[PDB]
């Protein structure tokens, strides 16, 4: 009983514009037809404008069904699916709540591969970025088993002010980066952005009260490159927050494979209650990468938004556990959690880094494997295994309760653990060499012996 998009005129040849047919299918499903189920037979469905998902609709695409992004409009977004209306810039409308939407199967060709000059998207010369989904003010949205290809310096998915969103068993292949782009713009392009709902981060609607995203889970998915464009810059995260935005919360990133990202597998500021668990982060050498960042990378990077005037709600309750890191690039850091500047007024707290396995065989590593900078309270770094590199764990300028218990180190060339504090002008240890533990007793710190050493 699922309605076929062919029932409404979709040709599926990649030449005819099938947008209207697809929209009519969705609209009918939203009314109740076919139980809200829409089906996509094998084929290539070109769309020259945005398709709008509606409440209680469920799209299923054949394995050989491909949605081709043909949205090439000046001063206009090039995102295939949205959960709210959009016409032209300057005519945005408020997006009302939507819910119970599912999308499964097939491929979405965001069509962002570069022209031979590498200055623009070859098939969409007028766009500034391309993506697949713009999910805003939505509830209970499920995206699964979808292959996303060639984003033109954009977000494959944006989840803003949305609750109960699941991205599962999908593949994010390739992100095109043109010659002309600056680093500032580049690192702000996460393939899956999870953010509060503001016009700044979600210019597709008028909603501007900073509604948070909540209960978002990205799991069992693969992130890498395609045969047309290089590795993604940042797989998941966000890069913006203000006193007026509510922090996305209960964000779970589980069992994903981040295959050689250029900057980070996970990077964010302004999240609360995050769980990054059982993921695999691989990083190859510059020579085997299409995209490479000279400035370096940090596979997991929970940082603080640059702001010295406001007391922001910086990252809190972040758990980084049981992840595996295979690093070959000497400029790549495995894990980083920080309040980047002593000038930031907010606080980073309740940080847990446990049972992670770091395999660093890069030559002459240029930085620590695990960096914890200015955590204000409740920091736990325990039972992590680090194979290779220079420094193992660096804890700098952290306050409050700190617990570092039974981590393992093998074949390291530098200090296993560095517990550092600074004064208004310089640096000195809080209290050191080899493997040991740190505990907080009555507000005070103390090194404790543990007999776990490398005998390789």
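Positions refer to the first chain, counted from 1.
Missing deposited residues between residue 431 and residue 432: 1 to 3, all without coordinates in the entry. Averaged over Cα atoms, the B-factor as recorded in the entry is higher for 339 to 347 than for the other of 248 to 256 and 339 to 347. Taking only CA atoms, the mean B-factor in the PDB entry is higher for 229 to 237 than for the other of 156 to 164 and 229 to 237.
As recorded in the entry, 284 carries the highest CA temperature factor of 284, 211, 74, 374. Highest C-alpha temperature factor among 48, 54, 390, 58 per the entry: 390. Residue 219: CA B factor lies in the lowest third for its chain, per the PDB record. Ranked by C-alpha B-factor against the other modelled residues of its chain, residue 315 falls in the lowest third. For residue 100, the recorded CA temperature factor ranks within the middle third of the chain's modelled residues. Among all modelled residues in this chain, the alpha-carbon of residue 383 has a temperature factor (C-alpha) in the middle third. In the deposited entry, the Cα temperature factor of residue 296 sits in the top third of values across the chain's modelled residues.
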